[PDB]
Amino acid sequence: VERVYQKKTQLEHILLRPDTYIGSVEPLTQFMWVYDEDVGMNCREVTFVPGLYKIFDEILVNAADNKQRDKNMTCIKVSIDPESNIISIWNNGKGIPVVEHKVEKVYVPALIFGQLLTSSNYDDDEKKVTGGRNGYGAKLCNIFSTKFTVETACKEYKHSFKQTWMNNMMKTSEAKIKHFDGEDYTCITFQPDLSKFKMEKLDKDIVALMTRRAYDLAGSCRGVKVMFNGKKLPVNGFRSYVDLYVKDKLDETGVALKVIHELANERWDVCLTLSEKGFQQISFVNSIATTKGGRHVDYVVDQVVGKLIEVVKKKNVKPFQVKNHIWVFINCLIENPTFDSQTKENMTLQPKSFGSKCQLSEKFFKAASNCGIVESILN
C-alpha cells in the first residue's frame, strides 16, 4: 500500500518527471537549423538533449524579457565555455530589487531564483508581451545545474547581490550584498548538470543550437544587441535574421528564392518565400522560439493561403497543397500568450485575444503571388 501509492514533493516530481518541465532528458536526432563554427547557419542532422537546450533557453528568454521591464536595455551577452562547462547570460537595463520581500522574508533574487512558482508575470491585468508566464524557468535551470550563480545590481536599491546555488538547487549560502552606484545588470552563470542528460561535455551539436538561439534573439528582440563569446552578432532586426536562411539560396529550378516582407505594425513582422520541402515555419512569440508553431502561424498562413487560392482559381487546389509550398517567418508580440507546455513550443492563444492584428496588405498578397508559390501549384 505505502510503496504502491506514493506522494511526491514538487521538487522530487521535477527530477522524477523532467519531460513536462524541460522536455525529453534523452537524446534526439533530427534535421534542424544550427549555427556551426565552420558553415554558420545551416540545416543538418543534429543529436542533442532537449532538456539541456531548454534550461539554456529559459535564461535567454528571461534576459529578452528584461527589455519589457526596462526599454532602455541595449545588450545581452552570451558566453559558452565547453572546457569549463560554464554558460553565462548577462543583460543591462534595470536589475532586480536587492531588498527583503516583506511577505516571503527573503531577498527578492533568492525568492525568484531559489523557490518554485515565483514571478513578476502572475498579474494578467498588465497585458505584458514577456515570454515569462509560469514562474518556473529560472528554478528549472537551477535544479538542472551543479552550480547556479545570480548576480544583479540595482542602482535604485543602491546594492549588488550575488548568490550561488549548487547540487540541483539543494545547497546555497548567504548572498554577498554590496554598495552599488553604477550601471544596472543581471548575470546568470551556470554549469549544467550533464549527468542529468547522460552527457560528458557540451559537444558541437548542443553548442551550435545554443549559438543559433543567440542569433534568433538578435533577430527577435527589437533594439537589443547580442554578443556571443565576446563578439557582436551581425544581425540588426528580423529581416537581416531571415536573410541568414534565404539570401544565398536557389529553388531547384536554379532561380533565387523571392522573399516577401511586411512589417504590418510594431508587433507583427512577416517574411514569406517558396518551400520545396513541404510547409516550413520559423516563428517567435515574445522572443520564444515556437518550433511547433501555434495560432499565430495559422493566423498569418491562413490569410496567405486564402489569397493564393483566389489567384490560382483565376488562372486555372486545396489549402494543404498551397501550405505545402510556403516557407513563412514570423516575429510577433502577443499579450499574455498561452502554451500547452512549460517548453512553449506551441502557442495556443486564439487570435481574438492577441491584443493586436496582422491584416497583411494587398501589396503583400500581390508580391506573394509572384514569389513562385502560384507557379508550383499550377505546374
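All residue numbers refer to positions in the sequence shown, first residue = 1. Think of the rigid core as the biggest set of C-alphas that the two forms share within 1.5 Å after superposition.
- Superposing the other copies on the rigid core and comparing 334 to 342 to 63 to 71, farther C-alpha placement in 6 other deposited structures of this protein marks 334 to 342.
- The stretch that strays farther, by root mean square C-alpha distance over structures and residues in 6 other deposited structures of this protein after a rigid core fit, is 252 to 260, when 87 to 95 is set against 252 to 260.
- Modelled in this chain, residue 313 is nonetheless unresolved in at least one third of the other entries of the protein that span it on both sides.
- Deposited sequence between residue 30 and residue 31: no residues lack coordinates (chain continuous).
- Stretches 306 to 314 and 59 to 67 differ in mean CA B factor, with 306 to 314 having the higher one.
- The stretch 363 to 371 shows the higher mean C-alpha B-factor when 363 to 371 is compared against 14 to 22 in the entry.
- The PDB entry gives the largest Cα B-factor of the residues 136, 238, 245, 107 to 107.
- Comparing the C-alpha B-factors of 153, 143, 206, 272 in the entry, the top value falls on 153.
- When the modelled residues of the chain are ordered by C-alpha B-factor, residue 249 sits in the highest third.
- In the deposited entry, the Cα temperature factor of residue 284 places it in the lowest third of its chain's modelled residues.
- In the PDB entry, a CA B factor belonging to the middle third of its chain's modelled residues is recorded for residue 119.
- Ranked within its chain, residue 320 lands in the highest third, by CA B factor from the PDB record.
- Residue 73 sits in the middle third of its chain by CA B factor, as recorded in the PDB entry.
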